[PDB]
Each structure stands twice: as structure tokens, then as C-alpha cells.
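Heads up, input-v4.tsv below (TSV, C-alpha atoms):
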chain	number	residue	atom	x	y	z
A	85	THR	CA	-6.79	-10.87	-14.65
A	86	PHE	CA	-10.33	-10.62	-13.24
A	87	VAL	CA	-12.71	-13.38	-12.21
A	88	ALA	CA	-16.49	-13.36	-12.53
A	89	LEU	CA	-18.14	-13.56	-9.10
A	90	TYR	CA	-21.50	-14.07	-10.73
A	91	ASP	CA	-23.08	-15.18	-13.97
A	92	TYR	CA	-24.12	-12.34	-16.25
A	93	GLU	CA	-26.54	-12.62	-19.18
A	94	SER	CA	-26.12	-9.99	-21.90
A	95	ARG	CA	-28.80	-7.29	-22.04
A	96	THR	CA	-27.45	-5.53	-25.16
A	97	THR	CA	-25.65	-6.50	-28.34
A	98	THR	CA	-22.30	-5.29	-26.99
A	99	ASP	CA	-22.60	-6.83	-23.54
A	100	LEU	CA	-20.44	-9.83	-22.70
A	101	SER	CA	-22.24	-12.84	-21.24
A	102	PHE	CA	-20.13	-14.74	-18.72
A	103	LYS	CA	-20.27	-17.48	-16.10
A	104	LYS	CA	-19.10	-17.40	-12.52
A	105	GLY	CA	-15.43	-18.31	-12.44
A	106	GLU	CA	-14.72	-17.06	-15.96
A	107	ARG	CA	-11.35	-15.28	-16.34
A	108	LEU	CA	-11.49	-11.81	-17.88
A	109	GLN	CA	-8.96	-9.23	-19.00
A	110	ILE	CA	-10.18	-5.65	-18.90
A	111	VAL	CA	-9.34	-3.72	-22.05
A	112	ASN	CA	-10.70	-0.32	-20.86
A	116	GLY	CA	-17.83	4.15	-16.42
A	117	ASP	CA	-19.41	1.39	-14.39
A	118	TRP	CA	-19.38	-0.88	-17.46
A	119	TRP	CA	-15.96	-2.11	-18.55
A	120	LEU	CA	-14.86	-3.52	-21.90
A	121	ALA	CA	-13.67	-7.04	-21.09
A	122	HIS	CA	-12.26	-9.99	-23.04
A	123	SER	CA	-13.14	-13.51	-21.93
A	124	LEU	CA	-10.03	-15.68	-21.75
A	125	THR	CA	-12.38	-18.66	-21.49
A	126	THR	CA	-14.66	-17.98	-24.48
A	127	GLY	CA	-12.73	-15.36	-26.46
A	128	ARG	CA	-15.75	-13.06	-26.66
A	129	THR	CA	-15.42	-9.33	-25.90
A	130	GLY	CA	-18.06	-6.94	-24.61
A	131	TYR	CA	-19.09	-4.65	-21.78
A	132	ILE	CA	-19.48	-6.04	-18.25
A	133	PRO	CA	-20.80	-4.62	-14.96
A	134	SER	CA	-17.70	-3.74	-12.94
A	135	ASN	CA	-19.33	-4.83	-9.65
A	136	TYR	CA	-19.70	-8.44	-10.90
A	137	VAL	CA	-15.96	-9.17	-11.08
A	138	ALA	CA	-12.96	-9.12	-8.76
A	139	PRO	CA	-9.15	-9.04	-9.20
B	85	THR	CA	-44.34	-17.98	-9.51
B	86	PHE	CA	-40.66	-17.76	-8.62
B	87	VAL	CA	-38.18	-14.93	-9.21
B	88	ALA	CA	-34.53	-15.20	-10.18
B	89	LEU	CA	-32.20	-13.80	-7.51
B	90	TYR	CA	-29.16	-14.05	-9.83
B	91	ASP	CA	-28.44	-14.30	-13.50
B	92	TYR	CA	-27.84	-17.83	-14.81
B	93	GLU	CA	-26.15	-18.79	-18.07
B	94	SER	CA	-27.02	-22.20	-19.46
B	95	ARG	CA	-24.25	-24.77	-19.18
B	96	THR	CA	-26.13	-27.46	-21.18
B	97	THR	CA	-28.62	-27.40	-24.04
B	98	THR	CA	-31.63	-28.19	-21.85
B	99	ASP	CA	-30.86	-25.61	-19.17
B	100	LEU	CA	-32.78	-22.34	-19.07
B	101	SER	CA	-30.79	-19.10	-19.10
B	102	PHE	CA	-32.36	-16.24	-17.18
B	103	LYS	CA	-31.75	-12.81	-15.67
B	104	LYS	CA	-32.09	-11.55	-12.12
B	105	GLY	CA	-35.67	-10.46	-11.60
B	106	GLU	CA	-37.05	-12.84	-14.22
B	107	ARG	CA	-40.33	-14.44	-13.19
B	108	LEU	CA	-40.36	-18.22	-13.55
B	109	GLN	CA	-43.07	-20.84	-13.28
B	110	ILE	CA	-41.77	-24.09	-11.79
B	111	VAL	CA	-43.04	-26.86	-14.07
B	112	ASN	CA	-41.35	-29.80	-12.35
B	113	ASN	CA	-39.47	-29.88	-9.07
B	114	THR	CA	-39.33	-33.60	-8.29
B	115	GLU	CA	-36.13	-34.69	-10.05
B	116	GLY	CA	-33.45	-33.12	-7.81
B	117	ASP	CA	-31.71	-29.78	-7.19
B	118	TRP	CA	-32.34	-28.68	-10.79
B	119	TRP	CA	-35.97	-27.78	-11.41
B	120	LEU	CA	-37.76	-27.56	-14.74
B	121	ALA	CA	-38.86	-23.93	-15.06
B	122	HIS	CA	-40.70	-21.81	-17.61
B	123	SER	CA	-39.76	-18.20	-18.20
B	124	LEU	CA	-42.75	-15.89	-18.31
B	125	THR	CA	-40.66	-13.32	-20.21
B	126	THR	CA	-39.15	-15.44	-22.95
B	127	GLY	CA	-41.51	-18.40	-22.92
B	128	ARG	CA	-38.56	-20.80	-22.92
B	129	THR	CA	-38.43	-23.85	-20.65
B	130	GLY	CA	-35.44	-25.67	-19.20
B	131	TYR	CA	-33.63	-26.77	-16.06
B	132	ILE	CA	-32.50	-24.22	-13.48
B	133	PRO	CA	-30.56	-24.43	-10.19
B	134	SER	CA	-33.21	-24.34	-7.47
B	135	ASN	CA	-31.02	-22.20	-5.21
B	136	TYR	CA	-30.89	-19.27	-7.69
B	137	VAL	CA	-34.64	-18.54	-7.41
B	138	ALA	CA	-37.13	-17.77	-4.65
B	139	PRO	CA	-40.94	-17.68	-4.42
B	140	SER	CA	-42.18	-14.35	-5.75
C	1	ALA	CA	-23.31	-16.24	-6.41
C	2	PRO	CA	-24.19	-19.53	-4.73
C	3	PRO	CA	-22.37	-22.68	-5.85
C	4	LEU	CA	-24.25	-24.58	-8.52
C	5	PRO	CA	-25.86	-27.65	-7.00
C	6	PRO	CA	-25.14	-31.15	-8.29
C	7	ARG	CA	-27.08	-32.25	-11.35
C	8	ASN	CA	-30.09	-34.50	-10.98
C	9	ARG	CA	-29.83	-38.23	-10.41
C	10	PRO	CA	-30.10	-40.33	-13.59
C	11	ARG	CA	-33.51	-41.95	-14.05
D	1	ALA	CA	-26.73	-10.53	-7.39
D	2	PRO	CA	-25.53	-6.91	-7.11
D	3	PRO	CA	-27.79	-4.25	-8.66
D	4	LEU	CA	-26.59	-3.60	-12.18
D	5	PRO	CA	-24.92	-0.18	-12.26
D	6	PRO	CA	-25.96	2.63	-14.59
D	7	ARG	CA	-24.67	2.47	-18.13
D	8	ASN	CA	-21.75	4.69	-19.07
D	9	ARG	CA	-22.22	8.35	-19.87
D	10	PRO	CA	-21.81	9.04	-23.63

Show the structure stored in the file as C-alpha cells.
Amino acid sequence: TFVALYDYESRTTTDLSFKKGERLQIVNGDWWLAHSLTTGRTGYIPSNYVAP
Amino acid sequence: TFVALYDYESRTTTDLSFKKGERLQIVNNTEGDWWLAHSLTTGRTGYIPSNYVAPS
Amino acid sequence: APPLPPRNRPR
Amino acid sequence: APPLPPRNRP
């Protein structure tokens, strides 16, 4: 699992918005396809905003 | 004007969501650590954490 | 990111 | 916050 170190507001349709502390599972560049265990939404996230 | 140093996702209906680098006008800052701010980009207004922004 | 500060006092 | 990285190459 990964944890959001920061909030992120989506900038494209396929981005995932998330809040600091949100738990994420990476499904698959610098943007990763992630699924929010907290909200159930899936989208691309900046890899430097999350940590194991 | 103030600038967002971080993104912020609203956690209540009357919060304001915003992106890092967004320019914000502080509309009220007398009620506590959450200030009422107005986004120059989106035009929306809502409460923001005062420690996520800095004078531009 | 910084911790979110406590919400404002009720009026 | 950290600078947003470049989007992915096609």
C-alpha cells in the first residue's frame, strides 16, 4: 500500500484527487495509475506525492 | 494576494479546494486558523487552512 | 504537507 | 509541495 504525503487536486479527467493520509494501491512514467482504498476512485497520481 | 504552497482538497462543503500556485485573495482572516479566501482562478470562495498559503 | 490546523471556534 | 513531474511519454 502507499500513503499520500500531500493533498492532490486533479488537473485532468483521468487524474485521481486525493487527501494527505489516503491509502492507495498502485495498479501500474512519473504518473502512476492508483486506486484509492479510501474513496474507491482510480486515476493517475504524481509518484513523488506518495510513499510506501 | 496570497499563493497556495500546497494543493488542498475540501473536507467540508464550505471549504475551498485549490492547487499549488493558485492565487488567493483573503476575504476574512479573523475567525481562526481557517481563513475565508477567494480564488482568482476559479472565482470560488471558501475556508482554507492558513498555513497552506503565503503572501504572494 | 503541514498538518491541518484545528477548525475555527464556534461563534 | 513537490514540483509535479512531467506527464508520461505516449

| field | atom CA of residue 137 of chain A to atom CA of residue 136 of chain B, distance in Å rounded to a single decimal | value | 18.3 Å

| Which residue gives the smallest distance to chain C among B:118, B:86, B:102, B:131, with only C-alpha atoms counted? |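 Using only C-alpha atoms, the shortest distance to chain C belongs to B:118.
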
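Computed from the coordinates, the atom CA of residue 121 of chain B to atom CA of residue 100 of chain B distance equals 7.5 Å.
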
Produce the centre coordinates and the three edge lengths, each in Å to one decimal, of the box along x, y and z that contains all listed atoms of segment 112-119 of chain A with 3 Å added on each side, as JSON.
{"center_x": -15.1, "center_y": 1.0, "center_z": -17.6, "size_x": 14.7, "size_y": 12.3, "size_z": 12.5}

| Can you tell me, as a ChimeraX atom specification, what residues are no more than 10 Å from residue 126 of chain B when counting all atoms listed in the file, ignoring any on the same chain fewer than 4 positions away? | /B:101-102,106-108,122

| message | Please list as a count of residues only every residue within 12 Å of residue 11 of chain C, counting all atoms listed in the file and excluding residues in the same chain fewer than 6 positions away. | response | 3

| task | Identify all chain B residues at most 12 Å from chain D by counting only C-alpha atoms; ligands do not count. Present them as a PyMOL selection string. | result | chain B and resi 88-92+103-105+136-137

| message | Could you tell me how far atom CA of residue 132 of chain B sits from atom CA of residue 108 of chain A, in Å to one decimal place? | response | 24.8 Å

| field | Interface residues on chain C facing chain B, 7 Å, all atoms listed in the file, written as number ranges by chain | value | C: 4-9

Could you add the missing atoms to chain D, up to N, CA, C and O atoms, and return them as a PDB file, in the coordinates of the input?
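And here's rebuild-v8.pdb as it stands now:
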ATOM      1  N   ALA D   1     -27.814 -11.212  -6.664  1.00  0.00           N
ATOM      2  CA  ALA D   1     -26.730 -10.530  -7.390  1.00  0.00           C
ATOM      3  C   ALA D   1     -26.721  -9.012  -7.160  1.00  0.00           C
ATOM      4  O   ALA D   1     -27.744  -8.440  -6.812  1.00  0.00           O
ATOM      5  N   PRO D   2     -25.565  -8.361  -7.334  1.00  0.00           N
ATOM      6  CA  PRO D   2     -25.530  -6.910  -7.110  1.00  0.00           C
ATOM      7  C   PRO D   2     -26.339  -6.119  -8.137  1.00  0.00           C
ATOM      8  O   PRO D   2     -26.324  -6.476  -9.315  1.00  0.00           O
ATOM      9  N   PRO D   3     -27.038  -5.055  -7.701  1.00  0.00           N
ATOM     10  CA  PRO D   3     -27.790  -4.250  -8.660  1.00  0.00           C
ATOM     11  C   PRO D   3     -26.879  -3.842  -9.803  1.00  0.00           C
ATOM     12  O   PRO D   3     -25.744  -3.417  -9.580  1.00  0.00           O
ATOM     13  N   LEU D   4     -27.366  -3.995 -11.022  1.00  0.00           N
ATOM     14  CA  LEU D   4     -26.590  -3.600 -12.180  1.00  0.00           C
ATOM     15  C   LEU D   4     -26.377  -2.096 -12.133  1.00  0.00           C
ATOM     16  O   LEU D   4     -27.335  -1.346 -11.899  1.00  0.00           O
ATOM     17  N   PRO D   5     -25.164  -1.613 -12.356  1.00  0.00           N
ATOM     18  CA  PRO D   5     -24.920  -0.180 -12.260  1.00  0.00           C
ATOM     19  C   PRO D   5     -25.456   0.539 -13.485  1.00  0.00           C
ATOM     20  O   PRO D   5     -25.772  -0.092 -14.508  1.00  0.00           O
ATOM     21  N   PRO D   6     -25.549   1.863 -13.419  1.00  0.00           N
ATOM     22  CA  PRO D   6     -25.960   2.630 -14.590  1.00  0.00           C
ATOM     23  C   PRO D   6     -24.981   2.474 -15.739  1.00  0.00           C
ATOM     24  O   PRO D   6     -23.766   2.358 -15.542  1.00  0.00           O
ATOM     25  N   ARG D   7     -25.516   2.505 -16.953  1.00  0.00           N
ATOM     26  CA  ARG D   7     -24.670   2.470 -18.130  1.00  0.00           C
ATOM     27  C   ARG D   7     -23.760   3.706 -18.143  1.00  0.00           C
ATOM     28  O   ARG D   7     -23.935   4.663 -17.385  1.00  0.00           O
ATOM     29  N   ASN D   8     -22.762   3.657 -19.014  1.00  0.00           N
ATOM     30  CA  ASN D   8     -21.750   4.690 -19.070  1.00  0.00           C
ATOM     31  C   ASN D   8     -22.302   5.949 -19.719  1.00  0.00           C
ATOM     32  O   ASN D   8     -23.127   5.877 -20.634  1.00  0.00           O
ATOM     33  N   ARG D   9     -21.854   7.099 -19.236  1.00  0.00           N
ATOM     34  CA  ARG D   9     -22.220   8.350 -19.870  1.00  0.00           C
ATOM     35  C   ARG D   9     -21.617   8.408 -21.274  1.00  0.00           C
ATOM     36  O   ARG D   9     -20.499   7.924 -21.485  1.00  0.00           O
ATOM     37  N   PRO D  10     -22.331   8.981 -22.259  1.00  0.00           N
ATOM     38  CA  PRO D  10     -21.810   9.040 -23.630  1.00  0.00           C
ATOM     39  C   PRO D  10     -20.406   9.630 -23.701  1.00  0.00           C
ATOM     40  O   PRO D  10     -20.145  10.573 -22.949  1.00  0.00           O
TER      41      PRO D  10
END
